[PDB]
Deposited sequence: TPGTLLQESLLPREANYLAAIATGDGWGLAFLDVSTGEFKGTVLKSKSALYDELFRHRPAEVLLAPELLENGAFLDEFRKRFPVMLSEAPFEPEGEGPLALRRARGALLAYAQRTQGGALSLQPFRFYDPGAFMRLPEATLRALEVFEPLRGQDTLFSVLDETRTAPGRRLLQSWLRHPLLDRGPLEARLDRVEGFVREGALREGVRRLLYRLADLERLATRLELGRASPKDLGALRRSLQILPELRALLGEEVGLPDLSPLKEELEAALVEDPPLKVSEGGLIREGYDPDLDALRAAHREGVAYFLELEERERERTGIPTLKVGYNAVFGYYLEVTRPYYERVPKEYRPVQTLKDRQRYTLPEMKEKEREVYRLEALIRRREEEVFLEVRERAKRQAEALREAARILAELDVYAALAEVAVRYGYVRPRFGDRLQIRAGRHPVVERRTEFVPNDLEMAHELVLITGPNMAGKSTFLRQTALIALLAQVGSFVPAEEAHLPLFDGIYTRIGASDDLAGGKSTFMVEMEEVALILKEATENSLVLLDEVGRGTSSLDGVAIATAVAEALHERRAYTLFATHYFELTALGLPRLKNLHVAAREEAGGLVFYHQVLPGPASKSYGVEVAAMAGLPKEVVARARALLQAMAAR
């Protein structure tokens, strides 16, 4: 099972999951990974939120319950999966134990024996900043829309498979309370004001074994000799990392197990077998103290990883409050590929339209904001100079990109309207396009006011002038400019306050390469309107 694969030779530093979906008093979602022996599941009400939690954790193999399997209607939609029995195991919401055990009896059936599991955890997709599928896609968080990079690659500075698995979590699960975040930012600020200190741990952690996946294997009876080789090698760095931080990291004292191996082992692990397992046992007697390290280790890995990034790329420790101010911010993604003229932004539960022509930063400008928000609520310094962000509850989008673009996009907005709040952050772009004249400028206005009344931080970017002149108490207008210079125009990657004065359509159009008479007959009909 691509989901029960326990061999370290078929698993990326990232986590993997075997998922099961059972029904009954909510929607049962069980995620398990033989490798890390990670065991967590949950019950969702909204089929929307389900497929969503299912989307963040991207499992490679899904187990559907018999109700869904028979459900040819539900079956083909999920397809637009391996059979196993969902016998309610453990205690908890029906649809949970059904899918939960469904994994157990499926891993154990694809493990030749018993499994090594972690205390089943129960997570709630509500104690964390919301983050829909589309947003993740829109911000190019994990995967890139078109190109190569993503926020992950750019932040990917983790030195251990565990850390990377940890960091990835934090992204898939942003924070809400300031207390935790601060705690993280205080830490991250540590290895940055202690350059040498960060220099040490990073250099030491390099090559460090996967103490988490390793230990998992110890409790599974499959931890080969070589692994102890790496493990011994690891436990040996353990004392060093501990000597640069202090008896404060908490790091256990696994010298006993360390010293043992040193002797009992060949510098390069390929009656001897009777002696081999005797040492293992002595080691595996420290199964948790191992997982303990991994866990406590990954933190530093990341805390220092990011921090490294931050310093390497000039990331400013964010300050929370109730106002959004970005002193010369940047799109951390695109920033690492060319000169990037920064920008500024100030908001407060307002609706800020963004006009002017495209090709001048608008879209990228909307994203550039979401990320900073996200980057902040995840626990890193962001690409700016100064930056005051509020504590967003959610970050919904509606960017770029059976049915038609139109319907799709509507449904997008529908959700936003149906989840956005006075604290939600919303970014709209050309909402209500790909449709006839009036309807266009029509829809746009409703959605606006709609959000406007919601008093949610909304960076609505449009070409609809009408929208810009709608005297509402919380509106605000920013535009970006082009400039018909020596080439044909001269767009500036600057978002300047106040709406755009002229219209640049026919211009851009003309510029693009349109035949001169047409542009004329165009500018004319324009004037004449």
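Gaps between the deposited sequence and the modelled coordinates occur at 81-85, 276-381, 513-518, 647-649, listed in sequence order.
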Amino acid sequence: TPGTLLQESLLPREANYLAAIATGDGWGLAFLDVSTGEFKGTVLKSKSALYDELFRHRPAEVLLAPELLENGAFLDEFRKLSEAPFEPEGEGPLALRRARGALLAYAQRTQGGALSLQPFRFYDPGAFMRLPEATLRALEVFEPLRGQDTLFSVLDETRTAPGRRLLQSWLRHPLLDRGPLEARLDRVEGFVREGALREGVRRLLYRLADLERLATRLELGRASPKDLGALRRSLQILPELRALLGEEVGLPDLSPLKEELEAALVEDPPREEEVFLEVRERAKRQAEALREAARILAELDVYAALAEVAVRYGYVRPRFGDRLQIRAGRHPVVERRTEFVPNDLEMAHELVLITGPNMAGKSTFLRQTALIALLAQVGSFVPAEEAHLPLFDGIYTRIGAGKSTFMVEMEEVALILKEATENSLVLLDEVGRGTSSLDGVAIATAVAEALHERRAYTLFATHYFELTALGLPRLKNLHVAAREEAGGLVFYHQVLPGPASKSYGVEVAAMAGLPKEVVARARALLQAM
From here on, numbers count along this sequence of modelled residues.
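Stretches 280-288 and 368-376 differ in mean CA B factor, with 280-288 having the higher one.
For the two regions 514-522 and 21-29, the entry's Cα B-factors average higher over 21-29. Of the candidates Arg330, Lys226, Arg165, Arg317, it is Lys226 whose Cα B-factor is highest according to the PDB record. In the PDB entry, the Cα temperature factor peaks, among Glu83, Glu412, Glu182, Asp344, at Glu83.
Sort the chain's modelled residues by C-alpha temperature factor and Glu38 lands in the highest third, per the entry. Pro499: CA B factor lies in the lowest third for its chain, per the PDB record. Split the chain's modelled residues into thirds by C-alpha temperature factor. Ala486 is in the highest one.
Remark: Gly200 belongs to the highest third of its chain, ranked by C-alpha B-factor as recorded. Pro256 sits in the highest third of its chain by CA B factor, as recorded in the PDB entry.
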